[PDB]
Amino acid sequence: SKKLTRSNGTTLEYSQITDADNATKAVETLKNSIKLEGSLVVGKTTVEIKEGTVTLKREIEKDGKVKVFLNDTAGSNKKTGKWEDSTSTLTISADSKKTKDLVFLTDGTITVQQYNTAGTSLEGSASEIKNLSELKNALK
């Protein structure tokens, strides 16, 4: 096994390794005990959490550092994501309207902030996601 503890205290753990460009098990633990699970294949680490038909995918190292993807297998009211590297922000949309931003802070926490009804501008304040259950709710 191989365990990496980041400066900010968050960790990445690889297990059941085969050649160390590929590992069958990979666990990332961010602040507030938000854990995502996945694997390492072809030197890229993919970690994820599922909620219903939605999958939040977090990919690490790909000549681009970190990429966050959203995948939704539902037909109607499908969520899609747009990742902004320079701001570490995942914008989630339901059909043609933006609905919220998820910001992954350098300190390892995650905030959520909603868009207005038109899906064009942010409103209110950003609030910290306190655990996995709250992250999953933001995917509903």
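Note that residue numbering follows the sequence shown and begins at 1.
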Worksheet item: Mean C-alpha B factor from the entry: is it higher for 32-40 or for 50-58?
Response: 32-40
Response to the item:
Taking the deposited Cα B-factors and averaging over 81-89 and over 111-119, the higher mean is found in 81-89
Worksheet item: Looking at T99, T106, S76, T73, which has the biggest Cα B factor in the entry?
Response: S76
Worksheet, complete the sentence: By the entry's values, the third containing the CA B factor of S15 is the highest
Discussion item. How does the C-alpha B factor of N22 compare with the rest of the chain: lowest, middle or highest third?
Written reply: highest
